[PDB]
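Novice: build the 3D model from these lines:
(chains A, B, C, D, E, F and G, ligands or ions: 21)
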Amino acid sequence: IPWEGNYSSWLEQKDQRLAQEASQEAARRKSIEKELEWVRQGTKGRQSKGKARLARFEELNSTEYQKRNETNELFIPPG
Amino acid sequence: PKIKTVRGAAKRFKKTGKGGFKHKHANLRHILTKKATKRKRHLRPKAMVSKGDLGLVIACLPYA
Amino acid sequence: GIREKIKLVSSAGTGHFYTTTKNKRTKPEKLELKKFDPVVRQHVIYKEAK
Amino acid sequence: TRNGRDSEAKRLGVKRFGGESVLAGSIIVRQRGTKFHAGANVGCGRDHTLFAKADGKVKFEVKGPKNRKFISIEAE
Amino acid sequence: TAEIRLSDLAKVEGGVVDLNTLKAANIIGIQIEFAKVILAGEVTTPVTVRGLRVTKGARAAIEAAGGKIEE
RNA sequence: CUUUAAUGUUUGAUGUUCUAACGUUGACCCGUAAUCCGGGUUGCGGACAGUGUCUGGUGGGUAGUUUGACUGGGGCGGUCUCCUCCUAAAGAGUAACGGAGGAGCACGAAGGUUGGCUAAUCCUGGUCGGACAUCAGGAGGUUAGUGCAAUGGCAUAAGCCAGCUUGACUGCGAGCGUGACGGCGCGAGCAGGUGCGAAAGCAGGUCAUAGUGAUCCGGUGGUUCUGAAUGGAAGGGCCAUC
RNA sequence: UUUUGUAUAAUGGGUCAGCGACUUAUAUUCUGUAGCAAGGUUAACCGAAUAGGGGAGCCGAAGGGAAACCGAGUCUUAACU
Ligand SMILES: [Mg+2]
Ligand SMILES: [Mg+2]
Ligand SMILES: [Mg+2]
Ligand SMILES: [Mg+2]
Ligand SMILES: [Mg+2]
Ligand SMILES: [Mg+2]
Ligand SMILES: [Mg+2]
Ligand SMILES: [Mg+2]
Ligand SMILES: [Mg+2]
Ligand SMILES: [Mg+2]
Ligand SMILES: [Mg+2]
Ligand SMILES: [Mg+2]
Ligand SMILES: [Mg+2]
Ligand SMILES: [Mg+2]
Ligand SMILES: [Mg+2]
Ligand SMILES: [Mg+2]
Ligand SMILES: [Mg+2]
Ligand SMILES: [Mg+2]
Ligand SMILES: [Mg+2]
Ligand SMILES: [Mg+2]
Ligand SMILES: [Mg+2]
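Specialist: Residues are numbered from 1 along each chain as shown, chains lettered A, B, ... in the order given. Ligands and ions are numbered 1, 2, ... in the order given. The relevant structure is shown in the block below.
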């Protein structure tokens, strides 16, 4: 990601990018729940059940990389 | 009309001195690393068509 | 599957190489063995390559 | 129904029987373990297959302290 | 490229064998540029091959009758 | 050579103005006894709009098609390739939506030699220590172990422990096993080099049987085999490999 | 006719007479027969023309190899017992 400016201006853009990515992650999660309910529903007679819809849902099961080390408070054992 | 030869077959079988056909062995084109060197080298020389499949080949190459 | 294909290039300068599978995770060290080189007809050292 | 699968038959057993004239290199028995051990004039492959090492006659014997079956080839 | 039987050297001309005198007797095709003499037939006459590629076995048979193989 | 500071200067962009291309489904005049069309004056816009070629987006408005098989009827459910055991009737093979389990790998050592060694469990004694950790000696006799399912094997160990090691070699291969074929498997021995051992000898991967995918198309190394007038080259071919 | 299987309550036919379904170029393989025979045969075309010319060409007498190439041998291979 190339940024033109200074550190102070770029830090806000970085935070914005993380927030938007988290929001998109949550939206994708909710979509996956909603489509899973339809996948697990019944059949209702001698009707379709939509092999194309099944293929779309199967494709939607992708993967994304969590930020590798958002490392947090270390450990120090007192003695 | 002269019989049109199956052009695909003329690229895979060659006639020999007596009347049999000579072809190339399969399984020697790609992912070979799992194959033993003994198996790789035994497929290298050209082979001759078997008995059952001879009938299906003379049909494809009437002129060859 | 975690073993990926590697090729052992020769060291006599000719173009000849074996191929094998090596665990690049737990064996980051490169391989080098003594194998036969049928171009120069000698047992030369084969080093690791791409 | 959960099960219902099987593997192709491997076609093992004794290929040449006693008193049979073989040529060098012909397979005598296709084996999984070593039910028949390698006697004189026969070999033993990596698949534990016993192949003839000289043309002759096949002879099954029960030599050994543990009564283990041996196959050896008479020279004829 | 065309093969030449040894026996075919008796139907050519008054003795010389060449690309033009070979195709003037309908032994080789009109558009055949190179040719090679093969030990397949029998000869008796002293033929002199003008320019060709007679083999090793056939060379010892042409000279036997009394031939001459130059370039 | 370094920073820049200017005026010229070419180009690029963003603008404002104009008239001459172009628009006028504004007004008047003529062809003409004609709310069509054309021509002429005059305004209003004006290099926009509009059309042609190329191009990105959208596009069931329209058109062409696809939407597997088995199945104790079809649908829904399950399944589709490979390995082990039983059914399978003491050679081989042998079905069902018959009965039970696994595989889509791992290992530069868990491979090759040369040396050496031999388990589970139980008992008695003993510091923390017990039902069970380490030590000692007795019964024991493979109930042990195998890199991962099951069957067949294993003490000469194929199980366990170290040294040096790369044969987890190149070209071949008498002769066989099994397949309708494609193919798959076993292989003594020969040649060139190689490791281990004092040698005789052993070694062309792992105790064996699963760990997989034809052809086409294309990628990367080697090879003047070929090279469309000739010399080169592109492109093919052959070997290795993805 | 179709079938594992039909008196079958499975199909078809009211009856007579006429019509109604494996053919025709070309090419290729095998068999029989006829002609020549390491040779066999012509096509288009010319021709007072089913004759006679026309041998362009096709098949065969040599194979191996991807190919150059070699040649009763050749390919593989550094080289094959
Ligand atoms: Mg290739
Ligand atoms: Mg001619
Ligand atoms: Mg439609
Ligand atoms: Mg259509
Ligand atoms: Mg069906
Ligand atoms: Mg039986
Ligand atoms: Mg049986
Ligand atoms: Mg092991
Ligand atoms: Mg030992
Ligand atoms: Mg071992
Ligand atoms: Mg194993
Ligand atoms: Mg050229
Ligand atoms: Mg190339
Ligand atoms: Mg019938
Ligand atoms: Mg019925
Ligand atoms: Mg009856
Ligand atoms: Mg009836
Ligand atoms: Mg009745
Ligand atoms: Mg009916
Ligand atoms: Mg009726
Ligand atoms: Mg030839």
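Novice: and the strands in chain E?
Specialist: Using DSSP state E, the strands found in chain E span residues E:2-4, E:16-17, E:35-37, E:48-49, E:68-69.
Novice: in chain E, where's the longest helix?
Specialist: The helix that spans the most residues within chain E, counting by DSSP state H, is helix E:56-65.
Novice: report all helices and strands that that one contacts.
Specialist: The contact analysis (3 or more C-beta pairs under 8 Å, 6 or more residues apart in numbering or on different chains; DSSP states H and E) places helix E:56-65 against strand E:68-69. C-betas here are computed from N, CA, C, even on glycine.
Novice: secondary structure element for the most centrally placed residue in chain D?
Specialist: Geometric centre of chain D, nearest residue: residue D:29, 2.7 Å, by C-alpha atoms, centre = their mean. If you go by DSSP states H and E, residue D:29 is part of strand D:27-30.
Novice: returning to that earlier point: what sits against the residue nearest to the centre of chain D?
Specialist: Going by C-beta atoms under 8 Å, 6 or more residues apart in numbering or on different chains, residue D:29 touches D:13, D:14, D:15, D:36, D:49, D:50, D:71.
Novice: can you do 10 Å?
Specialist: Neighbouring residues of residue D:29 by C-beta atoms under 10 Å, 6 or more residues apart in numbering or on different chains: D:12-17, D:35-36, D:42, D:48-51, D:58, D:60, D:71.
Novice: among the residues you listed, who's most crowded?
Specialist: Counting neighbours by other C-beta atoms under 10 Å in any protein chain shown, residue D:50 leads the contacts of residue D:29 with 26 neighbours.
Novice: that residue and residue D:69, how far apart?
Specialist: Distance of residue D:50 to residue D:69, given as C-beta to C-beta, to the nearest Å: 11 Å.
Novice: equivalent analysis for residue A:47, please.
Specialist: 66 Å.
Novice: more neighbours: which of the two?
Specialist: When neighbours are counted by other C-beta under 10 Å, residue A:47 and residue D:69 differ, and residue D:69 comes out ahead with 14 against 7.
Novice: quickly note the distance from the residue lying closest to the more buried one once chain neighbours are set aside to residue D:11.
Specialist: Leaving aside its sequence neighbours, residue D:69 sits nearest to residue D:36 (C-beta to C-beta, 6 or more residues apart in numbering or on different chains; 5.2 Å). The gap separating residue D:36 from residue D:11 is 17 Å, by C-beta to C-beta.
Novice: picking up where we left off before, closest one to residue B:21 among the strands of chain E?
Specialist: Nearest to residue B:21 among the strands of chain E is strand E:2-4 (22.8 Å), distances taken as C-beta to C-beta.
Novice: kindly check the end-to-end length of stretch E:43-63 for me.
Specialist: Chord length of stretch E:43-63, first to last residue, is 10 Å (C-alpha to C-alpha, to the nearest Å).
Novice: list the buried ones in it?
Specialist: With burial defined by 16 or more other C-beta atoms under 10 Å in any protein chain shown, the residues of stretch E:43-63 counted as buried are E:43, E:47, E:49, E:52, E:54, E:58, E:61, E:62.
Novice: show me the contacts for the fifth one.
Specialist: Under the criterion of C-beta under 10 Å, 6+ apart, the contact list for residue E:54 reads E:4, E:6, E:17, E:35-39, E:60-63, E:67, E:69.
Novice: so what's residue 6 up against?
Specialist: Went with chain A since none was named. Contacts of residue A:6 (C-beta under 10 Å, 6+ apart): none.
Novice: let's do chain E instead
Specialist: So residue E:6 contacts E:37-43, E:47, E:54, E:57-58, E:61-62, E:65 (C-beta under 10 Å, 6+ apart).
Novice: residue E:62 versus that one, what's the distance?
Specialist: The value you get for residue E:6 to residue E:62, if C-beta to C-beta is used, is 8 Å.
Novice: anything in contact with each of these two?
Specialist: Residues touching both residue E:6 and residue E:62 (C-beta under 10 Å, 6+ apart): E:37, E:39, E:43, E:47, E:54.
Novice: I figured the first one hits residue E:51, correct?
Specialist: Which is residue E:37. No: applying C-beta atoms under 10 Å, one finds residue E:37 not in contact with residue E:51, separated by 11.1 Å.
Novice: find residues that contact each of the two.
Specialist: By C-beta under 10 Å, 6+ apart, the residues touching both residue E:37 and residue E:51 are E:17, E:69.
Novice: what's across from the nearest residue to residue D:39 once chain neighbours are set aside in the sheet?
Specialist: Nearest non-adjacent residue to residue D:39, counting by C-beta to C-beta, 6+ apart: residue D:72, 3.1 Å away. For residue D:72, the beta-bridge assignment (DSSP bridges) gives partners residue D:59.
Novice: so who does residue D:72 touch?
Specialist: Contact analysis of residue D:72 by C-beta under 10 Å, 6+ apart lists D:37-42, D:56-61, D:63.
Novice: who's residue E:2 bridged to?
Specialist: Beta bridges link residue E:2 to residue E:35, judged by DSSP bridges.
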